[PDB]
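First up is the structure itself, then whatever we jot down about it.
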Amino acid sequence: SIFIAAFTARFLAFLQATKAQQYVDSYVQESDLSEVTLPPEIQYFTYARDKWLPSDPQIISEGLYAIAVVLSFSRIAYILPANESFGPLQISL
Amino acid sequence: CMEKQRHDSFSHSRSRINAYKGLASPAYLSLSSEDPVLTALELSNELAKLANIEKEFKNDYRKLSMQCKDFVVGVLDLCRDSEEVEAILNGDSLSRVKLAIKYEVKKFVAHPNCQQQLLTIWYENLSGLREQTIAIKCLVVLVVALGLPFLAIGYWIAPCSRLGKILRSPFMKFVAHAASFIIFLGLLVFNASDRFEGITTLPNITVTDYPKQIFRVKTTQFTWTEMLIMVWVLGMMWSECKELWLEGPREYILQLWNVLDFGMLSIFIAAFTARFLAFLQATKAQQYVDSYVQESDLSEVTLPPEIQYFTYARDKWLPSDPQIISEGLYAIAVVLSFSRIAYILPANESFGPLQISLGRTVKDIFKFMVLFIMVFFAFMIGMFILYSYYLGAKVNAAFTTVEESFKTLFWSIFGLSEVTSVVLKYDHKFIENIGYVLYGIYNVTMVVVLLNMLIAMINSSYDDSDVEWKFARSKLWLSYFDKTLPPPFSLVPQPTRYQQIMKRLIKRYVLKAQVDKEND
Amino acid sequence: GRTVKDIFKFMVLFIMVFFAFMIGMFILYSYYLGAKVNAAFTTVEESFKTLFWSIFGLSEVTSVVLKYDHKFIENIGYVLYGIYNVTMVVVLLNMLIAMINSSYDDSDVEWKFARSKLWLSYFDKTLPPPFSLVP
Amino acid sequence: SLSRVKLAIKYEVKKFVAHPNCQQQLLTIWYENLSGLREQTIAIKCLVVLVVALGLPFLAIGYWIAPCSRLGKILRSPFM
Ligand SMILES: CC(C)CCC[C@@H](C)[C@H]1CC[C@H]2[C@@H]3CC=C4C[C@@H](OC(=O)CCC(=O)O)CC[C@]4(C)[C@H]3CC[C@]12C
Ligand SMILES: CC(C)CCC[C@@H](C)[C@H]1CC[C@H]2[C@@H]3CC=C4C[C@@H](OC(=O)CCC(=O)O)CC[C@]4(C)[C@H]3CC[C@]12C
Ligand SMILES: CC(C)CCC[C@@H](C)[C@H]1CC[C@H]2[C@@H]3CC=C4C[C@@H](OC(=O)CCC(=O)O)CC[C@]4(C)[C@H]3CC[C@]12C
Ligand SMILES: CC(C)CCC[C@@H](C)[C@H]1CC[C@H]2[C@@H]3CC=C4C[C@@H](OC(=O)CCC(=O)O)CC[C@]4(C)[C@H]3CC[C@]12C
Ligand SMILES: [Zn+2]
């Protein structure tokens, strides 16, 4: 479920990003985006890592993804009891 | 066997176990064949191998192997003359003792009747030194360490002399090897003298004896004690390669301690090879300077850069300079060379059992360290994936890379890493709080795994602790019974009488068993 | 008292391992006296000092890092320091286990024997040391 | 089918299931259709794990054609 949550948050961030990209490509015409001044709700998606809103969906995605990776490494418990030397150690643990 | 295996394989295995339980019986062992002690030893080895192979009836085969070992020890116990002890310890040289050491029969070798014979072989040609205190024997070690060159040259004339017999005794062989290793450690230490209180000149400064010479020639030249270390390592490597050629690579690699010894000697060889390459480059630069340029002092001259590089001080030095590799490998080799005390400690009465217990705990520590590695890699990858994007953002570059993440997570085991590792300069609280939580979970998990390791070792801890040490010491003795000079100086170039004794012993065993059975 | 009598042997083993690693780290870092950020392993005194205080976690991990851009020596310092810490932990655990095993009304009779020795020492020393000078 | 073994696992009867007479049967069911691989060392079995990890896409597509093949039986064994 935490993997699902991380990927859902990443997908929401991607949807917002591609909506901003669609707005930029649709309404404004120029050579480089940097010279242009954009509406702020759309311009926010041009900001770097530091500016990013604390509750950005991609921050949630990164955090949940790290937790999910740490937990996914725990699945070795389904595999260890088959071994002759690591089984009893897992039982005692 | 294939036909019996096709149908009722379980019954086939059960029949094999029944046949072996019949063969491993003391009754059939004693009354079956001539020389039943060898039969029982061989059957013990066979049953141990089949216990390792089957792995379902492992306990049955181990019980039968213990039966065979107990029969051998019981037959040995009944000896009440020196002739019978000698007859059991070697068949019609200590043959049965070697064969019981090979088959791991610990109570046969740690039995007083066997230990007394091994002790009279050990302290041969020097009877008085058996009863001296530990202080006097250690003092003898020191005396041999101080006088070993002289005794080395005297051993050439020794075979006629009585002192040659005194030196040829196994105890003096062991004392000579121990004093030799002591001299080796003393050389390793004394080579690092004149730096005990610190280097005198800063690494920025270059000091040379005469102006024309290159500074690297001064830095990489072989001092006398270093050449002595080189010939020493060559001698040890010769001995080890000789035993490798004899026993063969397959059997040689099996013992892990022999692999450690080979690696230590190889690392010494690597350090000296790198030092020699640096010295060759330095002397080539010196030869260029002396050949092509003419001046009073080298400092005033401007040289080609490839040759001039060898005039640089410590700081300028290329990161992959061969002498840096030499220093690193030499430090590792010294640290590993100090570990050779394991070849010497089992002879002692007070330090032997401690070494045995330490070895056992290490054998369990390996498995618990494997679990440590699994958990540690889990958390390392988690923290790296979390904090890698914030390289410039973090106040302390702790989890920004996989190297730094491994570093800080390892040093967190010993509490030597700060808690300010996870805090961010940026105003993101979700990532920083998840870092807090993951770091805390990691610390708690490491503590739990350590506690589980300690408990498992305590439970696995339980006169077997005495017989294991006596077995290790007896292996140490037999290694010297039949290696005369230390590595540095080893470079220079009517049934039968036995059938009567065995019949008497087996009669005693059968009678004792029948009396013990009827009495109960 | 019994635990101390075993602690002596395990401290002898401690001393062997500690001297091994002390000489190793000294031979490694002695050439970098001005180079190291912290003069930890530059001399045998400082090396003994930092390796002893590492047992109690009171010595920093910035001991082994260099100011100079040599990574081989600094990484070997990292590895040797980590191996030393792990080895000290293993020897401590082995000491604890050996003492636990050696721990087993004998504990009562040993104390009563010690107390009876204390008593017989006073059965037949009348005045304390300060006032036992007067004759 | 191992009915009593399943029912003893459900009722937590540990010595019935850990008995050699039961373990031998569970082992002959476990290493089914591959008899030789029972005695190989741990290194070789772990190497088999690595081989399967490298070749799993191909064996996945081959399992569709496998039920007729003998390799399908090799793959259908519980150990594989
Ligand atoms: C059995 C399976 C289907 C369980 C899967 C559960 C998820 C479908 C739910 C449970 C928790 C939910 C998440 C809780 C936290 C967030 C934070 C949220 O971040 C914001 O939208 C705030 C910023 C903004 O205004 O956009 C994004 C949705 C997300 C991932 C939610 C998406 C839907 C999630 C992943
Ligand atoms: C590279 C390391 C330090 C990071 C952690 C790796 C582990 C997350 C994984 C990678 C490979 C896995 C191993 C792959 C091989 C096996 C097979 C399996 O053991 C057996 O084959 C049992 C033998 C039998 O079947 O009778 C389970 C343990 C083990 C070691 C696995 C344990 C978990 C391991 C070590
Ligand atoms: C059984 C015995 C013979 C084993 C001995 C092995 C050595 C002969 C081999 C194994 C590893 C080798 C070493 C691996 C690392 C290096 C680094 C290398 O450094 C460089 O040359 C890089 C800088 C430069 O360009 O010169 C010097 C050679 C050396 C010591 C190699 C020399 C030959 C070594 C010591
Ligand atoms: C100065 C110290 C703190 C640094 C480490 C020294 C050790 C690396 C070496 C130096 C002298 C060695 C000792 C020299 C004397 C012996 C002889 C030997 O013990 C016996 O003689 C056994 C008695 C017997 O033969 O029955 C092995 C242990 C011991 C203490 C050696 C153990 C290893 C020692 C202590
Ligand atoms: Zn046959």
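Readers should treat all values here as calculations from the given coordinates under stated rules, not as data from a laboratory. With ideal geometry, Cβ positions are generated from the backbone for all residues, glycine too; neighbour counts draw on all protein chains shown.
In segment B:223-282 the Cα-Cα distances spread across 10 Å bins starting at 0 as 21, 45, 24, 10, 0 percent of all pairs.
Once the protein assembly as shown is represented by equal point scatterers at the alpha-carbon sites, with solvent omitted, what log10 I(q)/I(0) does the Debye formula produce at q = 0.09 Å⁻¹? Debye output, listed in q order: -1.25. Restriction of the GluC sites (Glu not before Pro) in segment A:1-74 to DSSP coil positions whose beta-carbon has at most 11 other beta-carbons within 10 angstrom yields A:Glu30, A:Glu35.
Close amide-amide hydrogen proximity is noted between B:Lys394 and B:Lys425, each under 5 Å apart and 5 or more residues distant or on a separate chain (H modeled in the peptide plane; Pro and chain starts excluded). Among B:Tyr462, C:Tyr31, sorting on how many other beta-carbon atoms sit within 10 Å of each Cβ, with the fewest leading, yields B:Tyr462, C:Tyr31.
Please report the relative contact order for chain D, taking Cα pairs under 8 Å with a sequence separation of at least 6, and give it as a percent rounded to a whole number.
32
Counted by neighbouring Cβ atoms within 10 Å, the residues C:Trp119, B:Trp477 run from fewest to most as C:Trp119, B:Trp477.
Over all other residues within a Cβ to Cβ distance under 13 Å of B:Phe399, the charged ones net out to -3, with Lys and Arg as +1 and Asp and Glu as -1. For C:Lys36, the residues whose amide H sits under 5 Å from its own are C:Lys67, ignoring neighbours fewer than 5 places away on the same chain, with H placed 1.01 Å from N. Ellipticity at 222 nm from helices only: DSSP H runs of n ≥ 4 in chain B, each -39500 (n - 2.57), divided by the residue count, give -23000 deg cm²/dmol. If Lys and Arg each add +1 and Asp and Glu each add -1, what is the summed charge of the other residues whose beta carbon sits under 15 Å from the beta carbon of B:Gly91? With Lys, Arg at +1 and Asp, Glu at -1, the neighbours total -2.
With θ taken as phi - 60° and the Karplus curve 6.51 cos²θ - 1.76 cosθ + 1.60 applied, the whole-hertz 3J(HN,Hα) list for segment B:176-181 is 5, 5, 5, 5, 4, 4 Hz, x standing for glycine and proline.
Note on segment A:1-33 and segment B:447-502: Cα centroid distance 70 Å, given to the nearest whole angstrom. Taking other C-beta atoms within 10 Å as the exposure proxy, B:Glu84, B:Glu124 rank B:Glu124, B:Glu84 from fewest upward. Among residues other than B:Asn204 with Cβ under 12 Å from its Cβ, the summed charge is +2 (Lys and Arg +1, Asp and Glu -1). Over 21 Å apart at the Cα level, from the set B:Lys49/B:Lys69; A:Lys19/B:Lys425; A:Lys51/B:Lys394; B:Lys58/B:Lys470, are A:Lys19/B:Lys425; B:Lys58/B:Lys470.
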